[PDB]
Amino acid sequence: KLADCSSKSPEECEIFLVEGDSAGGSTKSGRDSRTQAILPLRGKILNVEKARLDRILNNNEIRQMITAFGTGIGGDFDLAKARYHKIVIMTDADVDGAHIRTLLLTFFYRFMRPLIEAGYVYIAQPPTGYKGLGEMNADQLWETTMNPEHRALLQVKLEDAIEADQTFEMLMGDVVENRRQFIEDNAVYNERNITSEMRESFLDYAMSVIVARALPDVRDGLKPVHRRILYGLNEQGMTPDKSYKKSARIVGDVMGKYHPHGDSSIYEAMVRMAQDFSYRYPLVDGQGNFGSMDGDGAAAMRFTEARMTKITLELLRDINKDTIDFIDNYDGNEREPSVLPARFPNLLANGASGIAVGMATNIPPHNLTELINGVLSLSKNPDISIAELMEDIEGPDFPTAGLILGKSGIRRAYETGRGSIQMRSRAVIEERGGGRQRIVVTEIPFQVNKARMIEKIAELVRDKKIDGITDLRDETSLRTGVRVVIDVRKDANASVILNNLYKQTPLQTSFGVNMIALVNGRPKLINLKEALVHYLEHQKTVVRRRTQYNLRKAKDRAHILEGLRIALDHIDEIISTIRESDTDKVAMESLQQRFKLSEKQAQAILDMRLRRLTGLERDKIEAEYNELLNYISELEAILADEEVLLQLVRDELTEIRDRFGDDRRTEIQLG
């Protein structure tokens, strides 16, 4: 992949390490091939602080860098053999580019420290704003980033080896906890010191993954990519009453407008939202191959089509009534929602799993009937205990059904945000003829790959680690649903075999609850009640702001109607005034002065079509004014009393529970 320079004098040669083959090509065309070589890197590179030496030396990108530098590594390092006296790290001016910069400096620090000591390592400063370097023309890349006359290289300086050892170990090492402590301590929610570069670049990445990638918002239960998919469905009018739109149109629109990342991240997030084995309350309605419980992917996006589910309407309801704050998108050309109205408790209903930096999240899904009953109970008693809430919310409710063993993992998880919940397949023992039995499995645990669970059992049989199994078949079908059959040898105890299968395979699997979500923009480990309280506060805010919006808009409309009423009662004088006016401006001024009209009222009268002077329009306008004064009074009543507002939240939660509430699928059995 190396595109070398022509000069064989290392003193004046430079090698640019660029994030992406997409940037590689721009930089190859734009470079000065006499003195500038290019080695493009395919995305995230090996973290050498976590990897053992066998994996480091077999890694394609590391090998290409070692061959290109020509110095060898560690103990066999020789600075005099360096093929370039400038090694230039040139990544995108975004958080993933900072991450790649931390990974490259970790490699140089641990295998090529004298390269840094000699002042041979530099960071390029490409201009900010742009997509990647792949969005830049060759000439822009040359003039801003690569051209000796104009560019600003940072030379990487090592000041203090002990501090640097400790920084690489803490930031990039296998011990998560010190990285988490660093993030919590530091997070605000010509030359470059390597320790400063590593701490600042890693913190930029960690914080961005925490607040803007991997973790859901407590209020609507969404990560940014899901929020942008649902918002795009909404803005393109992809409602349940409309036909399915081609997945590429949805994904293309979301990529350009809201989500400046790869198409696969968007499409696969949308596919999960459509799978009834992944989402307890699916958010997308898919037509075509949307994957299986066997880990089949969806068909490529050219094939599949999608729209909202009915319940997704409830995530988006009131978004256009100033219920939630809009923000600038990534390039300032669009607006997107910071959070959805979320008129049902989506965080807990659909759950969330994510790997961030310094932390992860693992929130199981729940029954919507149970959750809303819980919110209602909380709404009537701010002091309700977790144990009282568990009279409404028995425990998780998986889309895949199955069993939970006992209540003690559920209780610790609801109390602390952490606990181990044992999920068991639904299996029964049945006769199959001539005194023989089988185990039949019709439900498996949440997030278990059925085919992979079957291969694991087949492995135990083949390797003789389990006695008594004579055959193993997936008889799953559209007619039967999931059906895995394990034949038992005549006179073997099938109950012993089953208990052994639970021990030795994913037929029993734990759900490690770790309820981390964004609360006021910061990650926090939350308990069940804390999660319900933030949700209920969101609903109160949503319904208060919607009532405030409806009130402004109803007063604005009453104001226009007062103006139209004047105009129709005085139509001869209105028309005379307009006709005798040379311009809009003169007409506006004369109407305001003669009939006590506001600018907006005069504007509306000037915009009135001649058809609005028909006989029964005067009466249609009087009817609407009377209904609005009535409407205005109802809205004021709601805003005047926190109890009426709260009763309106309860009633709307109750309507959604009655329309979308369903039976529990997962059975909770005594442990």
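Note that residue numbering begins at 1 and tracks the sequence as displayed.
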Checklist entry - Looking at the deposited sequence, how many residues between residue 189 and residue 190 were given no coordinates in the entry: none, 1 to 3, 4 to 9, or 10 or more? => result 10 or more
Next on the checklist: When the Cα temperature factors in the entry are averaged, is it 158 to 166 or 124 to 132 that ends up higher?
Outcome noted: 124 to 132
Item to check | Higher-scoring stretch by recorded Cα B factor average, 80 to 88 or 525 to 533 | outcome: 80 to 88
Next on the checklist: Sorting 508, 583, 312, 400 by Cα temperature factor from the record, which one lands on top?
Outcome noted: 583
Item to check | Highest-ranked of 361, 106, 480, 539 once sorted by CA temperature factor in the record | outcome: 480
Checklist entry - Thinking about Cα B factors across the chain, which third does residue 655 belong to? => result middle
Checklist entry - Thinking about Cα B factors across the chain, which third does residue 369 belong to? => result lowest
Checklist entry - According to the PDB entry, is the CA B factor of residue 137 in the bottom, middle or top third of its chain, that is, lowest, middle or highest? => result highest
Checklist entry - Hey, what third does residue 296 fall into on Cα B-factor, ranked over its chain? => result highest
Checklist entry - Which third of the chain holds residue 197 when residues are ordered by C-alpha B factor: lowest, middle or highest? => result middle
